[PDB]
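A single chain, nothing else alongside it, follows as structure tokens in the form deposited without the partner chain.
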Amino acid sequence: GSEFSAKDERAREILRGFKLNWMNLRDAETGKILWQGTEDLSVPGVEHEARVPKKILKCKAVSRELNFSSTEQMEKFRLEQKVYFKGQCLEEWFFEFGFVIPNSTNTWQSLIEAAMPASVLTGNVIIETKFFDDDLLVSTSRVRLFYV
């Protein structure tokens, strides 16, 4: 039993004012779109799914582009992602956007390098994402991946 702090309140404000507008993945060797979403995969407390083309597992590198809106100002917007296959953490990724202007829309591109078959991976891979503003944890969200 504790206070609902100033940090608890601001983390809640950032979450209620944040939306992921769209996202896509491009083959980094061709610049061509492999997968697009408009579903907000950022939303915590819902068990999200993504159905990506199995040919993605072939790519040496993919670029990921996010477009997001934030009513609240953020000093250092950043993501930590862990990739799980049946509970084993296979990858740990860090991406930094930086300062977010209040009531702004923003585009963010990152590069992911391909560090087992689609038959086995499909439905057994979870990406867990932690959304921070510096050291304030705003949300934790999870996406189960399928290769189709």
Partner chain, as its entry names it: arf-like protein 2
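Residue numbers count along the first chain shown, from 1. The term rigid core refers to the most C-alpha atoms you can superpose between the two forms while keeping them within 1.5 Å.
Missing here is the form deposited with the partner chain bound; even so, the following discussion is about that form.
Novice: Test of understanding: in the deposited complex, would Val100 fall inside 4.5 Å of the partner chain by heavy atoms?
Specialist: Within the cut-off, so yes.
Novice: Does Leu111 reach the partner chain in the deposited complex if we count a contact as any heavy atom within 4.5 Å?
Specialist: Within the cut-off, so yes.
Novice: Could you confirm whether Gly87 comes within 4.5 Å of the partner chain in the deposited complex, counting heavy atoms only?
Specialist: Flag for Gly87 set to no.
Novice: Are any of the heavy atoms in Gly31 no more than 4.5 Å from a heavy atom of the partner chain in the deposited complex?
Specialist: Because a heavy atom of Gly31 falls inside 4.5 Å of the partner chain in the deposited complex, the answer is yes.
Novice: Since the partner isn't included here, can you check whether the partner chain sits close to all of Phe68, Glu96 and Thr107 in the deposited complex (heavy atom within 4.5 Å for each)?
Specialist: Every residue of the candidate spot has a heavy atom within 4.5 Å of the partner chain in the deposited complex.
Novice: Please say whether, between the shown form and the other one, the C-alpha of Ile101 moves by 2 Å or more once the core is aligned.
Specialist: No, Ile101 moves less than 2 Å.
Novice: After superposing the rigid core, is the C-alpha displacement of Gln88 2 Å or more between the shown form and the other one?
Specialist: Yes, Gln88 moves 2 Å or more.
Novice: Could you check whether the CA atom of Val43 moves 2 Å or more between the shown form and the other one, using the rigid core for the fit?
Specialist: Indeed, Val43 is displaced by 2 Å or more.
Novice: What direction does the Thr38-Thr140 Cα distance move in the deposited complex compared with the shown chain, closer or farther, given a change of 3 Å or more?
Specialist: Relative to this form, closer in the deposited complex.
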